Structures are given as structure tokens and as C-alpha cells.
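In the C-alpha cells that follow, a single protein chain appears in two forms: structure 1, then structure 2.
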Structure 1
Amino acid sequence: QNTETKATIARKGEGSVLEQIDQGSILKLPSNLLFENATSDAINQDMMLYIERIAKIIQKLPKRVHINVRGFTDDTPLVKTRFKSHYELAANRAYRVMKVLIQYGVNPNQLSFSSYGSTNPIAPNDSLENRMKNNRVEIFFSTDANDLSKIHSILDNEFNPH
């Protein structure tokens, strides 16, 4: 039923999970592992060491892997912050992690960053734990394989009478 396994990043690394989907892998990191709070892009004192470890793991992965850093927020009112929107907050957070991965030697041609804003929650925002997961950063690992597409195009050009 489940395709998520807890992941251990730093011999502590609490709350992180690895999910497999059919078109790739998603590493999910709760807010408090990267940032001082849910509402800023300011990094916390352990941020760097976590990302270094992820970057080492990434170095074992083949070259054609594309790595997408994805940001997410909860619905926390944005009045107290310098951001215009949830999308903007999540973009800046995703972008910072990407940049740190670059500093650690991950090739920029394999990296991008995304923002989902507040509308893909993992859980109810009824606890600190759940709030940290709703403000998570994700890392999606995939490829731009097109073998199946070339087969289809090939077959289509030969065998379509339309």
C-alpha cells in the first residue's frame, strides 16, 4: 500500500522519508532540518551538513539524472514575512537548497528548483510535526528518457494510414 521508507541523513536526521513513484524518487525533508522557521528562507545551523550528505549521495547517482528541488508551504499568514505569496516563499527556499547543492559540487546542468505554494499539504496543520512536513523541501530524481516515445513515433510513421 505504501512506498515510503524513513531515511536517515545525519545519524539523527529525523522525519525524512524516501518515496518511490513509477517515474522517479522523492526525498522529503521537514522544514526544521533546513531552515530556522517555516516562514523564511534563513538557514539553520545544521542546514549545510545535511545538504553536504545529500550531495555525496547524489554523486553516486548516474550523470543523466535530473534533480528537481521542490518547495512547499502551509497556509501561515504572510503578513509577518517579506514574501508576497506562498509560491514566492517556497521558491526562495527551494532555490537556496539548490544553490547549496551547487556549492557542494552538484553539476548545475542537472539541477532546477520548483515551487508548489500551499496547496499540496502532506497532513492537517494540527501539530508542529505536521506543520514541518507541510513546509517540507522535496528532491525529485528522474531522467528524460524517450526510448518508448521513439518506438511509438517510429511505429506511427510506418503504420498510420491517417
Structure 2
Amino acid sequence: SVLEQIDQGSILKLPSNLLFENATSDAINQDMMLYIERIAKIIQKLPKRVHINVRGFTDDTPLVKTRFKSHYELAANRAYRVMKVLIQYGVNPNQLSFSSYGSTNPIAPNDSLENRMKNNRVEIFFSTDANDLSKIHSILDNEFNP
């Protein structure tokens, strides 16, 4: 699915070759722009405390004819560009950040065309900074340990 759940938040998975003109570009295709607007709009309906981290991943195919010096960098620029478009479409900048995994920790091994493709993605990870449990513990800790 485009949507996956883990215990500390939600992940929207956007394949990089739908998003970007080519293997080393960070320019977003016109036909996906309003798909990102649609993500910005649904963000406006989420709990006030939601944080949105735009995450870049790449396969490990060596970089060729590009100003980008590493996968880390390509992934960073990609996640950043998607985050920028979310801001254009009205998302509060104080609810956003971007991240880069480069070619590390792939979804699939980098040994087929299909697999490398899965490793090429931007994930939009939705979580919150909740700390009630942490406050609870700390207050009880200070009360019951010296």
C-alpha cells in the first residue's frame, strides 16, 4: 500500500520514479504536484501535535553526471524538495523536517531492477512528540527513588 502503519506513526510511500524527472534529479514531475497538495490538505485535518518528517532513500547504483556527491546528498535534496512543496501547499513549517538514509538499510536487496526501484522512495512519516508517559515516569521516579 501507499500507506503503512507502525506503532509510533504512519508512513506514506512515494516511489521516486513517479516523483522525479530522472534518476539523479530532485525536480518534481508536474503530474505529481497536486498529489503532494492533496497530502498538504489532509495534513490540515490531523491532530494539532502531528509532526511530518519527509524521508529520502535511494538504491546504491553509483552516481553519474550529477552535482550530487553521494546518495546521502541525493536523498537529502529529494526529501527537502518534497518538504518544500508541502510548505508551498500550506503546511506549517514548524510541523516539518526532512531526512536522508542515503542507500543504507534498503527495503529489498540491490540485486534486481525491481528491487532497486523499491529502494528509491520518499516516505512521509507522521508521528507526534507525546511525552505524558515520560512525564508520568519521571514524576514517579523523583517521588519514589531518593
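FYI, numbering is relative to structure 1, first residue = 1. The term rigid core refers to the most C-alpha atoms you can superpose between the two forms while keeping them within 1.5 Å.
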Exercise. Which listed residue, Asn125, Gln103, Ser114, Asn107, is the one whose CA shifts 2 angstroms or more between the two structures with the rigid core aligned?
Worked result: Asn125
For this session: Could you check how much the CA of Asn134 shifts between the two structures after a rigid core fit, in angstrom?
Result: 1.1
Seminar exercise, completed: Aligning on the rigid core, one finds that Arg93 shifts at its CA between the two structures, in Å, by 0.3
